[PDB]
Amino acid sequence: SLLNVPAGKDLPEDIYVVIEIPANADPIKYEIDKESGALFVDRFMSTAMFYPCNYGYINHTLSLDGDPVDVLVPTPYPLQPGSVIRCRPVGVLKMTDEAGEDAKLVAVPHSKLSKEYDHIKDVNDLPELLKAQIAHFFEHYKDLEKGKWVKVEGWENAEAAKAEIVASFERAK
C-alpha cells in the first residue's frame, strides 16, 4: 500500500513523493488517508484555479504541523493521483496561513526518469514564470473560503529544503 512506501532511496538527495493532486486537474482536492492508504476527496476547491504542479508528500516524514512534508513536483505530463515519483529537492516556498507557518518543497524528477531537470539544481534555476504561478496559486486558492488566508513569505534554496526533509524524517521516528 502507499502506506509502505519509503521516504526515499537516499534522503535528502533522493526521495519518493506520493502524488495526491495532479497538475492541471479539475478542482478536486484529494488526500491519501493515513490510516487506510486510500484516496479520499478532501473537498471541491471553490476558486477557478488549478495546481501548477503535481502535489503530494514524502512518506515517513513528520513536520511541525503534524503532517508529512508536502512537495510540488513539475513533470512533463500530469501524473496519476496515488502514484509515486522519484525526485530530488531544489527549494522551498515559505508562507503563513490562518494556522501559522507553512512551507512547501519543490522537487524535480530524478535523472533516471528524465534528463530535462538535470540543469535545475536550485530554486533559482526554476523558470521564473513557474515560481510566480506557484506563489500566486497558494496566495489565492483559498480566497473563497471564509476564515482561511495565505501570505507568501518567500523562497529558500536546496539546502533549506534538504534541511526540512532530514529534520522531518528523524522527527518521524
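Start at 1 with the first residue shown and count on from there.
Annotation for 161 to 169 versus 14 to 22: the higher mean temperature factor (C-alpha) is found in 161 to 169.
When the two stretches 100 to 108 and 48 to 56 are set side by side, the higher mean Cα temperature factor goes to 100 to 108.
Taking only the listed residues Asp122, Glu139, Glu31, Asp70, the entry reports the highest CA temperature factor at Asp122. Among the modelled residues of its chain, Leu126 has a C-alpha B-factor that falls in the highest third, as given in the PDB entry. Looking at the C-alpha B-factors along this chain, the one for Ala38 belongs to the middle third.
The deposited CA B-factor of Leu64 belongs to the highest third of values across its chain.
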